[PDB]
Amino acid sequence: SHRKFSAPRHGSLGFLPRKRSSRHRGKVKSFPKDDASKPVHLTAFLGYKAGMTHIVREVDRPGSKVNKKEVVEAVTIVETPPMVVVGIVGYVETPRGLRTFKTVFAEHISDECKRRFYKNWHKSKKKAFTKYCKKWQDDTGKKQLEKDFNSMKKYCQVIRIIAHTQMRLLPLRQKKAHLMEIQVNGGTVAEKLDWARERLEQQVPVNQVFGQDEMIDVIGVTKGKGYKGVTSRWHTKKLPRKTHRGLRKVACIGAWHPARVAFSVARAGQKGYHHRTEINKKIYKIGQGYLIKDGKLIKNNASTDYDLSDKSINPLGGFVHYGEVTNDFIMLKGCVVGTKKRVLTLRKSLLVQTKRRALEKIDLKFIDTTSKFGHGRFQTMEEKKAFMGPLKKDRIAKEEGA
Amino acid sequence: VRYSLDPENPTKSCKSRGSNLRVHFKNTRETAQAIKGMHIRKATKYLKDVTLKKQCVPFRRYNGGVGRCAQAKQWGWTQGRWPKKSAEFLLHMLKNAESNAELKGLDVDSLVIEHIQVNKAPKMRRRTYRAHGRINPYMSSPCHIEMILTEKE
Amino acid sequence: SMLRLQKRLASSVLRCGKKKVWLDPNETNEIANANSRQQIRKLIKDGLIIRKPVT
Amino acid sequence: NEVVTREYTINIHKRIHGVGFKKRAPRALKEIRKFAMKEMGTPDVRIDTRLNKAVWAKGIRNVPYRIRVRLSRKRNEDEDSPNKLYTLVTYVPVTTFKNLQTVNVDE
RNA sequence: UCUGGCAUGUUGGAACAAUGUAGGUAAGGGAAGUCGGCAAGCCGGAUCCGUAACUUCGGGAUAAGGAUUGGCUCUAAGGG
RNA sequence: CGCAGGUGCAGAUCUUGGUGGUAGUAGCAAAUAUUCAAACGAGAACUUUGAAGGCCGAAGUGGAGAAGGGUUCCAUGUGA
């Protein structure tokens, strides 16, 4: 007979396989549609999730109850050191799909990028690309490279760059760079190839890919949670207290007559570590990263034009379960997938941005920098020293020195 | 007595067997299969590693409920275990075969395990008490083992 | 070796429990030789068997 | 150099973290054995009974956070065992653990 | 806890997943759950007050309701 | 060639015996707890000795009896 009272089904079958992701790095499954009239530009970047904090800003939507009023918004910090271009890939369109036509690599590839080519770098002889690079130097090999760029020019419809992150600059245990193909959009195939060739072996900062207050897409792998029951995996109703043989389960897993368990029934299994793509994340800020100017280190990241505190995006005591952020970073509104240290994929939007929320220009008034290792209450160490006063450890040091 | 197989030439071979050995037949069959065909020094080293859980025996036939371990990829398999008692019993019998080779004048550094087989020995009976006043069998599964080693290099 | 008999014999001779009987760990061989109540008495007088104080 | 004595501070607190109440002191002994094996490469590690008392001094739950031990690599030729070298771990009573470095000991 | 006794109840090692058995805690609501307050929770000792209907005058009665309770230093009274 | 039968099995939840798959699976989860060193020994997580940490907490996991058991008591040796 029919369900007595209607209720919507628990969960979505649009994420059906609900397994561990086969990849640790987020994958761009659709790049923005190419427009030949636009200038040549990149469409994606690779960052690392450092942590979360909250900001203070005043909003500018006229009809709202918070119009011209100060609001507090959670943000996420994604550390994005520059990427190094090491290759070019060409693709041809076929009635069977997009097929890899020819890839060309740069003459010198750093050791951190070569680490991606080995499962045991310690035991390896580091012979990757040692014969390929000699082709860039030999006269016969140079002619083949030029012919291979020409064939890409006259046969390829899609041009991508192979780029890797620099893990020397990150405070992570891992030293192996993440490689990625980033599609080049705009212009003609010839203009794409010329753009790619000239910045081969070069560095692409994140400010040349993304800009301020633009709405981007974040691709990554969700936090892993292991084996879980239907109560946590699919959020089914817990059975009564006096249930025999288990409360945290689905009572009826199917009717008699189809005589099989359907694929649409909640079952216990793997939860988390799922590949996900969230689509509308605004860029609140693009940090500048530490730089040495006139012998003094500039820490001015996360100093707005209303506080001038001379502090860094780093909270007091550092980001928890992540080192110090010393490179360029992207501040996104809200939360993003993954653990800390998780590598995130940031790509340009596939949609046309026309709503007021997406077009509004944001300007931070304050950035929280209190410690996340507890109930922090001091923005800077200088503020804490001024409020607290001299301590016993300072007087002890003075006694030792005098 | 009579072995299952006859050596290619008895002069360059040594035999060793045992009967009614209190080891699990299913565990020993897999261990013997992993040992089969291997050089005597490499088989001795391997069986010691099985005791120390450094190398595993792939459980191919009697594999129901056997766990899955990383060391089983070396055998192109997924299920493997570390049968210590079977490895000790097969180590004792390898030492016996090596001593027989020395007795009849064969060099022990070129000895290959060319034949090894385990057979079910007669079972031994004990009992377990199984609720509602019932008694169920509690049986052991011992085995006979024979091996023939042949000079080969 | 096993000293179960000697811990029982010294317990009855010393009129204490077996938890209060102390056999010298460095004189196991000599204590193991004592299989009579009279040799247990000699070991008590030699100091090889001691009655521990109460807790 | 085979025969060598060194003094260490072992952080029992971070090697016990998360283990159950009935297993904290028993696991702290296995952690000291692991520490001695990694520092001095001998698989034969012997723990002095005074160091066993120090770990159990407050029961099976409240193990001391830090212990100061003395690792001593010596020859096993006295026993003629299959293992050629062994390490003896002894207990060093200290009043404070502040500024205590790993120190070479000679006599 | 002592005298006395024992070795954790026919095995150990590692890990800390789902479901379970046993024990807890939970914001704001406060039985809206359920056949049903089932289960759990509230109360709980002693001292000083104060106790209804009804009644076979015995009870009901620890009815109900309220206050106090630690440590330390003193004081008064109670005997051979 | 004749004579005479306790004369032919796939079944009977058939009778007796033997054997599989299940399956190296379920399981060896009631009463807080073990650790260090040494000895004997071919061999020690489990025996013994010593030192620690714990429990029974006198209506005991203590010391003795009645029924019932019948040599289980004690010493030595073995380890099928």
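We name chains A, B, ... by the order of the sequence lines, and we start the count at 1 in each one.
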Verify the contact: side-chain N or O of [X] to OP1 or OP2 of [N], cut-off strictly under 4.0 Å; return yes or no.
X	N	value
B/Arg130	F/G27	no
A/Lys228	E/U19	no
C/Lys7	F/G50	yes
C/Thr55	E/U3	yes
C/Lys20	E/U3	yes
D/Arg33	F/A37	yes
D/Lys53	F/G53	no

Glycosidic class, syn or anti, of [N] using a 90° window around 0:
N	value
E/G58	syn
E/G9	syn
F/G70	syn

Wobble or Watson-Crick, both distances short of 3.5 angstrom: do [N] and [M] pair?
N	M	value
F/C36	F/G50	yes
E/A67	E/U47	yes
F/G54	E/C6	yes
E/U69	E/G45	yes

Name the nucleic acid region contacted by [X], choosing base, sugar-phosphate or nothing; use a 4.0 angstrom heavy-atom cut-off, strictly under.
X	answer
C/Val54	sugar-phosphate
B/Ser141	base
A/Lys242	base
B/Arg81	sugar-phosphate
D/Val89	nothing
D/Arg46	sugar-phosphate
C/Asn29	nothing
D/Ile60	base
A/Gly226	nothing
C/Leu5	sugar-phosphate
A/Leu247	sugar-phosphate
D/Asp48	sugar-phosphate
D/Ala25	nothing

Please look at the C1'-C2'-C3'-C4' dihedral of [N] and say whether its sugar is north or south.
N	answer
E/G5	north
E/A26	north
E/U11	north
E/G24	north
E/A46	north

- Task: Spell out yes or no: do the side chain of D/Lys22 and the base of F/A33 have one donor N/O and one acceptor N/O closer than 3.5 Å?
- Result: yes
- Quick one: the side chain of A/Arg241 and the base of E/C38, do they pair up donor-acceptor inside 3.5 Å? yes
Using the [atom1] atom as the point on both nucleotides, what is the distance between [M] and [N], in whole Å?
N	M	atom1	answer
F/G8	F/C14	P	22 Å
F/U32	F/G54	P	16 Å
E/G44	E/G59	P	27 Å
E/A64	E/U47	P	16 Å
F/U34	E/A22	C1'	23 Å
F/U35	F/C46	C1'	14 Å
E/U34	E/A39	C1'	12 Å
F/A33	F/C56	P	13 Å

- By nearest nucleotide on RNA chain E, pick out whichever of D/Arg27 and A/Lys249 is the more 5' one. D/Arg27
- Message: Between A/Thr231 and D/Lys30, which residue's closest nucleotide on RNA chain E lies nearer the 5′ terminus?
- Response: D/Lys30
Nearest heavy-atom neighbours spanning [X] and [Y]:
X	Y	result
B/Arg60	B/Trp75	NH2-O, 3.0 Å
D/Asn83	D/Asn76	O-ND2, 3.0 Å
D/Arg24	D/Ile60	CB-O, 3.4 Å
A/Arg267	A/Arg233	O-NH1, 2.9 Å
A/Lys49	A/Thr339	CD-O, 3.2 Å

Here, do the bases of [N] and [M] lie with ring centres under 5.5 Å and ring planes under 30 degrees of each other?
N	M	value
F/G24	F/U25	no
F/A52	F/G53	yes
E/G36	E/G37	no
E/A67	E/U68	yes
F/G65	F/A66	yes

- Task: Select from C/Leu23 and D/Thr49 the residue whose nearest nucleotide in RNA chain F is closer to the 5' end of that strand.
- Result: D/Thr49
- Comparing C/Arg8 and C/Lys52 on RNA chain F - which has the more 5′ nearest nucleotide: C/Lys52
- Item | Of the listed nucleotides F/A52, F/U49, E/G5, the one nearest the side chain of C/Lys18 | E/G5
- Looking at F/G24, E/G13, F/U35, which one has an atom nearest to any side-chain atom of D/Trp56? F/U35
- Query: Who does F/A39 pair with, Watson-Crick or G-U, both distances under 3.5 Å?
  - Reply: F/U47
Charged N to carboxylate O below 4.0 Å: is that the case for [X] and [Y]?
X	Y	answer
D/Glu79	D/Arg46	yes
D/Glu7	D/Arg68	yes
B/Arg41	B/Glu98	yes

- Task: Could you check D/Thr87 against D/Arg73 for side chain to side chain donor-acceptor pair (under 3.5 Å), going step by step and ending with a plain yes or no?
- Result: CA-CA 4 Å; D/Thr87 301; D/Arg73 223 200 257 124; 5.2 Å; no
- Does B/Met93 offer a backbone N or O that forms a donor-acceptor pair with the side chain of B/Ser16 under 3.5 Å? yes
- Item | side chain to side chain donor-acceptor pair (under 3.5 Å) partner of A/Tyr273, the single match among A/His24, A/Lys223, A/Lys225 | A/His24
